Amino acid sequence: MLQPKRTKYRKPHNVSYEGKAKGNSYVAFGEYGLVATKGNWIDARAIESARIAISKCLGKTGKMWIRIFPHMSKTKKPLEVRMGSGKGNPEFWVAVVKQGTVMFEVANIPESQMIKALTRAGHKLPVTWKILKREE
Amino acid sequence: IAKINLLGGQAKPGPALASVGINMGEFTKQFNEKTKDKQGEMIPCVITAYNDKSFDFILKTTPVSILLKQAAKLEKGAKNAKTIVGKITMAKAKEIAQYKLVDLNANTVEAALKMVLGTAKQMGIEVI
Amino acid sequence: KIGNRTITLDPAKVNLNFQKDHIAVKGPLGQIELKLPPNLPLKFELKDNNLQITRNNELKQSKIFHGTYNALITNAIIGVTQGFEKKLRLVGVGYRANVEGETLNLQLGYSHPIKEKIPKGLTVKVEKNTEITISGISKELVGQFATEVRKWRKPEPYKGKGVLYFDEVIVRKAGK
Amino acid sequence: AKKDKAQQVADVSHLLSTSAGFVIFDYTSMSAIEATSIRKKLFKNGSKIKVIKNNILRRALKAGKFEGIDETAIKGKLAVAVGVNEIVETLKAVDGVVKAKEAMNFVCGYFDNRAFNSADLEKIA
Amino acid sequence: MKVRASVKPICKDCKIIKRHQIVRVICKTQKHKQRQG
RNA sequence: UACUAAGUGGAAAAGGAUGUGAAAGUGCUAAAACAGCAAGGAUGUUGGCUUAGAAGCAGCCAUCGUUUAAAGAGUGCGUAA
RNA sequence: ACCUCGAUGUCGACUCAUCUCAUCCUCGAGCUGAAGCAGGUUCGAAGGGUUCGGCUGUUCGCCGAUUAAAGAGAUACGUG
Ligand SMILES: O=C(N[C@H](CO)[C@H](O)c1ccc([N+](=O)[O-])cc1)C(Cl)Cl
Ligand SMILES: [K+]
Ligand SMILES: [Mg+2]
Ligand SMILES: [Mg+2]
Ligand SMILES: [Mg+2]
Ligand SMILES: [Mg+2]
Ligand SMILES: [Mg+2]
Ligand SMILES: [Mg+2]
Ligand SMILES: [Mg+2]
Ligand SMILES: [Mg+2]
Ligand SMILES: [Mg+2]
Ligand SMILES: [Mg+2]
Ligand SMILES: [Mg+2]
Ligand SMILES: [Mg+2]
Ligand SMILES: [Mg+2]
Ligand SMILES: [Mg+2]
Ligand SMILES: [Mg+2]
Ligand SMILES: [Mg+2]
Ligand SMILES: [Mg+2]
Ligand SMILES: [Mg+2]
Ligand SMILES: [Zn+2]
């Protein structure tokens with residue numbers, strides 16, 4: 001469960017995911033990457049599910065990079081609570097993924113295994129994923 | 001056709017042969033008659049199982065890579081290929097090749113030479 | 001390709017009358033009739049001992065029709081010259097069949113007696129009680145008879161009991 | 001590629017030009033153990049059994065200015081059995097082996113700038 | 001017969017067909033029959 | 001002038017599919033292409049630890065080499081093996 | 001908090017039921033770690049049926065004895 005050690009403000013305004021791709025747009029650490037095609041809010045739980053799935057289907061020498069990080073938190077008012085009396089308490093942390101940001105990258109294991117590994121990582125995420133390679 | 005495992009000094013048993021119709025009791029003498037030159041060593045036999053009943057049999061050499069262990073002066077090879085423990089020269093390799101030329105289907109003797117290297121690589125023994 | 005495959009036939013006894021929509025094939029055995037659906041996108045040509053089917057366009061159904069009726073003409077010719085046969089291995093503990101007139105009766109495992117009517121043009125013989133041979137001049141009819149005889153006792157996977165086809169292997173299971 | 005095929009056709013044509021005897025066989029129902037056994041029983045560098053392409057064999061034959069062998073290499077299974085100097089013992093050896101086999105056909109070959117028939121192969125042993 | 005929203009071959013012998021404008025998977029092994037692709 | 005065969009049009013997602021049309025590249029092919037059919041499809045050996053046992057198809061020590069057109073410590077099934 | 005505070009009677013029970021299928025029984029079929037009997041799961045199917053009691057206002061619920069079965073809901077949580 002990825003989580004910032006401390007934050008200055010407990011309850012920040014939500015960060016929009018509509019728009020193009022700001023940073024993390026091109027594979028620059030590995031050479032295959034899982035790009036997104038639909039901006040959405042994805043939480044640290046989905047990262048851990050996808051990262052554990054990919055790691056289980058990885059090998060003994062493969063190496064991985066995690067680009068996105070859940071910096072921003074989100075709140076949720078408790079159930080059966082009527083409107084008013086202030087904002088709710090922070091519940092879960094979500095990373096803002098825009099259309100075009102490379103989320104996961106893999107290297108150092110043959111080609112066939114990485115496509116399968118990226119596939120299982122993207123089936124754990126709500127965004128519509130697509131595979132990209134690193135420019136020579 | 002059956003490749004059956006029988007000890008050189010003890011080959012009278014074996015029920016599987018009886019299923020094909022082989023005359024087991026008459027043929028026991030033939031099995032034991034031509035293996036006394038290699039007593040104690042385990043020698044499998046190939047049997048031309050068929051209905052002619054004149055079952056021609058051929059003996060067979062003990063499996064390889066046990067003489068590699070004897071020549072390397074070690075009982076069991078390394079459990080990792082990278083760690084090299086045993087060393088074998090060309091003279092010990094060539095004695096095995098001319099010994100094992102009978103069972104091998106190679107035309108030349110250098111082909112049998114590089115069989116020793118081939119099985120030594122599996123054992124991890126350096127070819128010096 | 002099936003459409004562009006030769007259909008070399010000897011003129012010894014097999015003739016093929018091509019009407020508008022009524023193909024007639026006559027030979028050693030009975031005559032086989034094939035109906036042509038209207039507006040068929042494929043024209044036959046009748047040279048000496050060679051029939052060639054050609055098409056007018058590159059449509060999907062045009063290609064599909066060109067292949068299917070070449071096979072049908074091949075199948076019709078083969079049945080007229082030498083016929084078709086199917087072999088059924090009826091195997092079991094008390095299973096046996098025999099033929100009386102036009103009805104083939106079986107006693108597989110059923111309290112109610114089993115009778116089966118034989119259609120026209122097909123002859124079924126029973127040399128041995130465990131054996132049935134269906135011989136005919138139309139492939140689909142003998143196939144329909146074979147499968148409709150089978151439907152009474154489909155071969156089960158635990159033992160060999162059933163109306164098996166010949167040289168047909170079934171996956172075995174061990175019901176301890 | 002084309003250059004390798006050109007090199008291949010040239011060398012086989014040269015080999016059949018400098019040779020003296022040829023016989024064609026089929027590859028129907030004999031084991032690889034048996035195939036290795038035939039190699040050791042010949043043991044002569046003049047005698048050589050080889051799988052050749054049907055197309056490459058005819059094209060090398062055109063370059064060899066020979067004739068009449070075409071009927072052998074048509075709709076058939078083709079072997080090449082080249083013999084240098086003496087070929088009768090090779091033919092005798094292969095004839096003994098096919099008798100030891102289960103089934104075998106045997107197609108006409110070429111020797112001494114002359115061609116033979118199937119029965120002529122029976123007496124060439 | 002197995003009804004699934006997604007159908008994919010299980011073993012290399014499984015073959016995809018289109019019957020009655022519905023995609024099914026047929027194979028020698030009857031345990032690998034899928035539908036509703 | 002093309003496209004659709006779904007009444008789609010005339011409501012929907014993650015996911016799945018030899019539906020079909022267009023385009024841009026690349027491999028082989030009348031020195032014969034692909035599928036299918038007919039043949040072979042190997043030897044040391046069943047390598048060795050290992051496992052009651054595995055030895056073409058348990059985990060391994062790895063992931064051999066020759067003959068040869070081809071052949072794999074095997075493609076599965078399968079055999080206690 | 002959009003209709004109704006110049007009035008829309010709100011639980012349960014009784015009577016009468018009707019409709020939907022995400023089917024409890026009956027009907028058909030595929031797979032099974034389906035020998036047979038009895039099962040499990042999925043698919044198709046709404047024509048009919050779907051019990052009586054003890055305690056509690058009770059819906060619910062537990063228990064008793066049967067049944068092929070004692071289905072899930074909607075209809076102003078149907079119906080003064
Ligand atoms: O006033 C009545 N019913 C009102 C009409 O405005 C309304 O139907 C109503 C019914 C039930 C209710 N309740 O259960 O609290 C409240 C309002 C009746 Cl008491 Cl006459
Ligand atoms: K009111
Ligand atoms: Mg519509
Ligand atoms: Mg598709
Ligand atoms: Mg397309
Ligand atoms: Mg309010
Ligand atoms: Mg308001
Ligand atoms: Mg109102
Ligand atoms: Mg009023
Ligand atoms: Mg009133
Ligand atoms: Mg239903
Ligand atoms: Mg009715
Ligand atoms: Mg009382
Ligand atoms: Mg309600
Ligand atoms: Mg009410
Ligand atoms: Mg109610
Ligand atoms: Mg309520
Ligand atoms: Mg009323
Ligand atoms: Mg009332
Ligand atoms: Mg009243
Ligand atoms: Zn399958």
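Deposited coordinates in this entry are attributed by the record to cryo-EM, at a stated resolution of 3.7 Å.

The PDB lists this entry under the title "Mycoplasma pneumoniae 70S ribosome with second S4 protein on large subunit". Recorded under Sequence similarities, the UniProt text for chain E is reproduced unchanged: "Belongs to the bacterial ribosomal protein bL36 family."

The PDB entry lists chain A under the name 50S ribosomal protein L16, with Mycoplasmoides pneumoniae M129 given as the organism. Its UniProt record gives chain A a comment under Subunit, which states: "Part of the 50S ribosomal subunit." What UniProt records for chain A under Sequence similarities is the sentence "Belongs to the universal ribosomal protein uL16 family."

With that out of the way, let us pick up the overall build of chain A. A count of helical and extended segments in chain A gives two helices and seven strands. Taken from N to C terminus, the helices and strands of chain A fall in the order β-β-α-β-β-β-β-α-β. Along the first, second and third principal axes, the C-alpha atoms of chain A reach 55 × 30 × 25 Å. Looking at chain A as a whole, 35% of its 136 residues qualify as buried. At a minimum sequence separation of 6, the contacts of chain A that also span at least 24 residues come to 82%. Carbon and sulfur atoms make up 54% of the accessible area of chain A, which totals about 9100 Å².

Counting 21 residues, the largest nonpolar core has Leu34, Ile54, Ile68, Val97, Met103, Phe104 and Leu125 of chain A as its most contacted members. When residues of this core are traced back to their parent elements, those giving at least two are strand 1 (32–36), helix 1 (44–56), strand 5 (90–97), strand 6 (102–107) and helix 2 (111–123) of chain A. Other than its neighbours up to four places away in sequence, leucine 34 of chain A contacts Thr101, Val102, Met103, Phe104, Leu118, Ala121, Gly122, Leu125, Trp129 and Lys130 of chain A. Among the nonpolar cores identified, the runner-up in size contains 20 residues, and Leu90, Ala97, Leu122 and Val149 of chain C belong to it.

Before going further, it helps to spend a moment on the sheet that holds strand 6 of chain A. What holds strands together in a sheet is hydrogen bonding between their backbones, with the strands either parallel or antiparallel. Residue and element names in this part refer to chain A. What the four strands build is an open sheet, ordered 3-6-1-7; its pairing is antiparallel. Only two strands of the sheet have a single partner each, and these edge strands are strand 3 (63–66) and strand 7 (129–133). Pairs of neighbouring strands in the sheet enclose a mean axial angle of 20°, with direction left out of account. Pairing analysis gives four bridges linking strand 1 to strand 6, with the strands arranged antiparallel. Bridging from a neighbouring strand, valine 35 pairs with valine 102 of strand 6. Each of strand 1, strand 6 and strand 7 touches helix 2; the most contacted strand, strand 1, lies at about 25° to it.

Before going further, it helps to examine unusual backbone geometry. Within the chain, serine 85 of chain A stands out as a residue other than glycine whose phi angle is a positive 60°. Checked against the element boundaries, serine 85 of chain A lands in the loop between strand 4 (72–75) and strand 5. Despite not being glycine, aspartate 167 of chain C has its phi angle at roughly 35°, a positive value. Looking at the secondary structure, you find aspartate 167 of chain C in the segment after strand 12 (162–165).

This next bit is on the protein's contact with RNA strand F. Among the 51 residues in the neighbourhood of RNA strand F, the closest are listed as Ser65 and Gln122 of chain B together with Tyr27, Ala32 and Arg59 of chain D. Residue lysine 2 of chain D places a side-chain N or O atom 2.8 Å away from a base nitrogen belonging to RNA strand F. A distance of 3.3 Å separates a base nitrogen of RNA strand F from a polar atom in the backbone of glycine 37 of chain E. At the level of secondary structure, the elements contributing two or more residues to the surface near RNA strand F comprise helix 4 (109–123) of chain B together with helix 1 (2–18), helix 2 (32–42), strand 2 (48–50) and helix 3 (54–63) of chain D. Residue contributions to the surface near RNA strand F peak at six residues, all from helix 4 of chain B. Each residue belonging to the surface near RNA strand F can be placed in one class, and the counts come to 19 nonpolar, 16 polar and 16 charged.

This brings us to the protein's contact with RNA strand G. Around RNA strand G, the neighbouring residues are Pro157, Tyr158, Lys173 and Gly175 of chain C together with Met1, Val3, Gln30, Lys31, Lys33 and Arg35 of chain E. Each atom of RNA strand G within 4 Å of the protein was classed as base or backbone; sugar and phosphate made up 70%. Between RNA strand G and the protein, one listed contact pairs a sugar or linking oxygen with a backbone N or O atom of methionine 1 of chain E at 2.5 Å. One of the side-chain nitrogen or oxygen atoms of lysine 33 of chain E is found 3.1 Å away from a sugar or linking oxygen of RNA strand G. Residue composition of the surface near RNA strand G, grouped by class: four nonpolar, two polar and four charged.

Take the interface of chain D and chain B next. Opposite the four residues of chain D that make contact, chain B presents four residues. Taking both partners together, chain D and chain B bury about 320 Å²; carbon and sulfur atoms supply 40% of that area. Counting the surface chain D buries against chain B, the share from its top three residues, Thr36, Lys40 and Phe43 of chain D, is 89%. At the junction of chain D with chain B, the criterion picks out zero salt bridges. Across the chain D-chain B interface, the total number found is two residue pairs in polar contact. Among the residues making up the side of chain D that touches chain B, the classes are represented as one nonpolar, one polar and two charged.

Turning next to the sheet that holds strand 3 (residues 32–35) of chain C. All names here are of chain C. Taken in spatial order, the three strands line up as 1-2-3 in an open sheet, and their pairing is antiparallel. The sheet terminates laterally at strand 1 (15–18) and strand 3, the two strands that pair on one side only. Strand-to-strand twist in this sheet, taken as the mean axis angle between neighbours without regard to direction, amounts to 15°. With four bridges connecting them, strand 1 and strand 2 (residues 22–26) associate as antiparallel partners. Looking at the pairing, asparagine 17 lines up with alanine 24 of strand 2. The sheet contacts of helix 1 (residues 60–81) involve strand 2 and strand 3, and relative to strand 3 the element is tilted by about 165°.

It is worth spelling out the packing of aromatic side chains at this point. Evaluation of the coordinates by the stated rule reveals eleven aromatic pairs over all chains. Arranged with centres 6.2 Å apart and planes meeting at 25°, the rings of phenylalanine 27 of chain B and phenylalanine 31 of chain B form a pair that is stacked. Of the two residues, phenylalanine 27 of chain B and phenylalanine 31 of chain B are both situated in helix 1 (residues 24–33); the distance of four residues between them amounts to about one turn of the helix. Where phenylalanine 66 of chain D meets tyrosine 110 of chain D, the ring centres are 5.1 Å apart and the plane angle is 85°; that geometry is what we call edge-to-face. Within this pair, whereas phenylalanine 66 of chain D is found in the loop between helix 3 and strand 3 (80–82), its partner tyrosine 110 of chain D is found in strand 4 (residues 107–111), the two being separated by 44 residues in sequence. Residue classification places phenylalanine 66 of chain D among the partly exposed positions, given a relative accessible area of 24%. We note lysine 63 of chain A situated over the ring of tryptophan 65 of chain A; from NZ or CZ to the ring centre the distance is 3.2 Å. When the ring centre of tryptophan 152 of chain C is taken as origin, the NZ or CZ atom of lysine 151 of chain C, which lies over that ring, is 5.6 Å away.

Reading the values: the criteria
- Residues numbered from 1 in each chain as written, not as in the entry; some residues may be left out.
- Chains lettered and ligands numbered in written order.
- Part of a larger assembly, values for the part shown.
- Heavy atoms only, no water.
- UniProt positions renumbered as here; feature names shortened; annotations may be inferred.
- Helix = DSSP H or I, 4+ residues; strand = E, 2+ residues; numbered from the N terminus.
- Buried < 20%, exposed > 50% of the residue type's maximum accessible area, 1.4 Å probe, protein only.
- Contact = heavy atoms within 4.5 Å.
- Areas by Shrake-Rupley, 256 points an atom, 1.4 Å probe, with all protein chains shown as cover.
- Core = buried A, V, L, I, M, F, W, Y, C linked by side-chain atoms within 4.5 Å.
- Pairing = 2+ DSSP bridges.
- Axes fitted to C-alpha atoms, helices over the stretch in contact; angles between N-to-C directions.
- Near = heavy atom within 4 Å.
- Polar contact = N/O pair within 3.5 Å; in protein donor to acceptor, adjacent residues only side chain to side chain.
- Nonpolar A, V, L, I, M, F, W, Y, C, P; charged D, E, K, R; others polar.
- Buried area = accessible area lost by both parts, 1.4 Å probe.
- Salt bridge = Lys/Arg side-chain N within 4 Å of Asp/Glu carboxyl O.
- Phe/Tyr/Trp six-rings, centres within 6.5 Å; stacked < 30°, edge-to-face > 60°.
- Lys NZ or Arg CZ within 6 Å of the ring centre and 35° of its normal.

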